[PDB]
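Below sits a lone chain in structure tokens, taken as the form deposited without this ligand.
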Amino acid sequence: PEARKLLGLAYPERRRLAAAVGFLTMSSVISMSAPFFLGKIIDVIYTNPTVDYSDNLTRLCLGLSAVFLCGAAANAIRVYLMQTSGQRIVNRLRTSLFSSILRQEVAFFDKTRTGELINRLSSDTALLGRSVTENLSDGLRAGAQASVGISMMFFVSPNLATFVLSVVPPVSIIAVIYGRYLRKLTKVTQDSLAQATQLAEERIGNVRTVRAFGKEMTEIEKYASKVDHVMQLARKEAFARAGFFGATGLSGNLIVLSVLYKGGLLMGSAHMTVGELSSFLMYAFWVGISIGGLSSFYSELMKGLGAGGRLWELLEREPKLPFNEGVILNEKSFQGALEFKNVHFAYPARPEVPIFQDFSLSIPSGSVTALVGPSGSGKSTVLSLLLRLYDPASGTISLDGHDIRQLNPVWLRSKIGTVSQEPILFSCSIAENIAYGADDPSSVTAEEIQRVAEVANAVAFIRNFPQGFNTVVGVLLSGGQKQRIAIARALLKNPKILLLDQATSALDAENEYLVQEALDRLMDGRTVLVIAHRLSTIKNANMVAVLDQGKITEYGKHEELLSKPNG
């Protein structure tokens, strides 16, 4: 399956990968052919020179100069085409991943973390794209410079080919192994240092608590001890690197001298001229380079298949709730009547603790009901059940005689709005956080964004801002100012049903007045449900309901329960 998926990924760029491979082949050929011609020139100059050998020098040099230009052109074309293919692949990977991620259900985001998703979107896509394109060329080059070398060595001198084939490979393998060991040691040291840095950051973050308890020196001593541990760890890597650099240089130096000694004692039929010896030396180096070049190809390919395996379950995942599909209703079909019957619910994160049990509730058109009840019971979950973020274990949530499980979730969400105690604002201009509630924000005229600023009592504090409505918030804003901005979105949305969530703690005197006036027109001429924390709006509510033990224990008007004998 992995091979088929990789071929599918590479399919759109075949006409460009084929050309890249074709140019690579010629570049590699010309670069493995060069040493033969260099040896020919050297033998022309120094091996039994004739009376007039200058002409041949010029001719051969001109030929090689002509060849090198073509080689360079092929190399450049390969580089360009190989580097562009990977970018073209990674763009598509990034777009597809993001599109797949942004259409899941909310439970998936509850169990999963954002850091993992961001890491997969930032690094896995790069590794998978680079493994196929920018690594295949390196592997092909390494395989091309390891096969021609042996063939040429046996063509030139069979006697010295056997001797050289019994030295280099062992050294290269030992070097690669050692290097892996060094990498392991470095990783261990870095892990220890990261632990120390995390402790420092944690203790720096909370300084008031540290000073309150007279604990400023113990942290210093602990950090010092952690630093000594890190240094003791690093000494070993220092020793290992010293060994590597002491051994590899000697191994490299002794290889060149052995070939000269061996090829200088060969007399008779097995006699080599200077150019032949130079060619032999060049080919031996090339083979030695090739082995190390080949190892990295396998390493990077394995990492790339790992990254691809990590990526290839998010794209093929299937959402558990329907998105953008269902039925739609006319203008008069809905009057705003919401009916809840026998609802059972429990957060997926902690199924143990139940929240709603035998929940029945009716809200007629044009009626302001208040769900006043004990605090901390999580009655806010009703908002997440009307919007269709979750589903109940057992029950029905019907709107005008139809279960919301058959309605289009995107169309339903438009007709139901909300205002929160702590509105969440994006990193954008103030005007860009008010047009988010319109159907087409890209076609909103500033005439409108001005009308709702006065209605929401926002045009007062905005004017003080030097940039007016272009101020970027994410710029600090007051708690009471965030509210008045939120009502700006609600006014522009123009919902037919409103869900509200009041703040447990009263705001400032200035905010307690401006905010209240704005909400008066947001509760005018619409069906509204108020989850209140204080008895301020309880009297004005048309009806009131008390939620006890996740149930509608009592149902009565403001004076119905107050006038009862048990009071």
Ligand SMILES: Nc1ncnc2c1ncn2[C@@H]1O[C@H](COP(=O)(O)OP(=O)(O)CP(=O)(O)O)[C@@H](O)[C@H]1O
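Residues carry their position along the shown sequence, with the first being 1.
The next section is about a form of this same protein that is not shown, the form deposited with this ligand bound.
Steric access to the site is blocked in the shown form: after superposition of the site C-alphas, this ligand as positioned in the entry with it bound has three or more atoms within 2.4 Å of backbone or C-beta atoms. Contact annotation: this ligand lies within 4.5 Å of heavy atoms from the stretch 374-382 in the entry with it bound, the single such stretch among 374-382, 465-473, 483-491, 319-327. At the 4.5 Å threshold, heavy atoms of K187 stay clear of this ligand in the entry with it bound, well away from it. In the entry with it bound, this ligand lies within 4.5 Å of some heavy atom of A349. Though the partner is left out of this view, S295 does not reach within 4.5 Å of this ligand in the entry with it bound, counting heavy atoms only. Within 4.5 Å of any heavy atom of this ligand in the entry with it bound lies no heavy atom of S100.
Here is the short version: of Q145, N135, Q421, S85, the single residue with a heavy atom within 4.5 Å of this ligand in the entry with it bound is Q421. Checked against this ligand in the entry with it bound, the candidates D400, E116, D110, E219 yield a single residue with a heavy atom inside 4.5 Å, and that residue is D110. In the entry with it bound, this ligand lies within 4.5 angstroms of a heavy atom of only one residue of 386-403, namely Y390.
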